[PDB]
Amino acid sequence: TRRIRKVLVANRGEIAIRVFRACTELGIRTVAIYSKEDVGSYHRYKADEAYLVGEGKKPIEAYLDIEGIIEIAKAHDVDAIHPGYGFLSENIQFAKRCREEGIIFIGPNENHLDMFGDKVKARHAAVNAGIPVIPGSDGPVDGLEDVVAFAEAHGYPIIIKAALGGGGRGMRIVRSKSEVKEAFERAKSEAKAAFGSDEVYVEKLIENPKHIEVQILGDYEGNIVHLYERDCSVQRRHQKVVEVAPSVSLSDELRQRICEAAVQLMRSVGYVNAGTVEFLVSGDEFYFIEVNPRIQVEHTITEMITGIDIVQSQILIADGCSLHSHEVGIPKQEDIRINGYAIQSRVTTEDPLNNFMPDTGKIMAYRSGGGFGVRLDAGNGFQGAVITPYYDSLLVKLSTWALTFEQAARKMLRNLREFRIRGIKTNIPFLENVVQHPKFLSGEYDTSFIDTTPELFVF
């Protein structure tokens, strides 16, 4: 039976607002939480009722207050909590505590949150399921001949990483065999000097990939569907900037192989609810790299090309409904379709002329464009608002759909342009630069785009 009368969103800003709408639409009452920091936040007011959480804790911590949140749910007849993204949404402790208190958790099961929070467990999950992964040594290599033969087996470019460098430091790229001997000896002595261990791993470098992600929905009855892919190749220093759906110049036969790859893995683990599978792509090959056991900021553009409300589905799936049930109403795979293109970006208070440091303060004048095929998910982008340093400094999330990619791009550019802000800086001039650039407009581009095109940083 449907149990969910009232839902609490344990989150803030645009994604809280997003789930409030989904709830109201479904006839479900809502509960927002806010920190002292958010006593003036827009989201506090878009819920049917709001309660202060994590009092005396810090700005970020007050949303991590697992016991105070749950104390609120039980205190006000909450049946289920939506975790949105990016706070407790992937936290195992939260989910099982909900389960103990008899509060439903909109999201997959804990063994899902665990298996996909560990890169090793996931890598194993994917190989078990028959999906390709990026070739790497499992431990640190024994010696030079190992790196040589790894390279003979997988082809350069390769990359050698210090063991204790963790991620992101003590890494060395090798493009040729004439390059490997010195590059290895060096990678040892340098990791030993900087971290204290000479141990290094090797990986296959998949260079300048397209970053392709697939949306997934599973019910408790084992049904799985993909809502096709979103293209997240437009990135600055590896952080997402503009997502496109579907991927413009992705082979449609390649589109197929990828998506099936994603369902085959999620079915093999019986993923329940909403989740995404990420791949890196080069030519005809693709490699699994991550699963996000939750919804994502950019879910919007898939909803637009498919016509499926993803957040409404999350809730219904959480109350026991199946993907093809009357209420969820998602069709069989072969009848799900994409129509046109959709693009998203996120207007922030990041000052591109100040190393993108987030500006703070009070927005004196605020006005936006909007319209058909335009979607305005506001964070705290409104006139008179007070933007603090504590959070995601997100003014509004902007999603634009049109029949043709070219059209979707004009729509985005035109609506970034229609914005009038007074009182704080924003990242609009950079967003403007990115989506107006011939390379993006070409539909054909990979993850090296932004980092490699310097004119994007002239204002």
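Throughout, we count residues from 1 along the sequence that is shown.
Could you settle it for me: does 240 to 248 or 141 to 149 have the higher average Cα B factor in the PDB entry?
141 to 149 has the higher mean C-alpha B-factor.
According to the deposited model, is the average Cα temperature factor higher in 281 to 289 or in 69 to 77?
Per the PDB record, 69 to 77.
Going by the CA temperature factor in the entry, name the top one among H324, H154, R97, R294.
Among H324, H154, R97, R294, the highest C-alpha B-factor in the entry belongs to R97.
Out of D319, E298, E185, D231, which residue has the highest Cα temperature factor in the PDB record?
That would be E185, according to the entry.
Ranking the modelled residues of this chain by C-alpha B-factor as given in the entry, is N427 in the lowest, middle or highest third?
Lowest third, going by the recorded CA B-factors of the chain.
Would you mind checking where the Cα B-factor of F382 ranks among the modelled residues of its chain, as the lowest, middle or highest third?
Ranked within chain, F382 CA B lands in the highest tercile.
What third of the chain does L394 rank in for C-alpha temperature factor, lowest, middle or highest?
As the PDB entry reports it, the C-alpha B-factor of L394 lands in the middle third of its chain.
Going by the entry, which third of its chain does the Cα temperature factor of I33 land in?
Its C-alpha B-factor belongs to the middle third of this chain's values.
Quick check for you: using the entry's CA B-factors within this chain, is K411 in the lowest, middle or highest third?
As the PDB entry reports it, the C-alpha B-factor of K411 lands in the lowest third of its chain.
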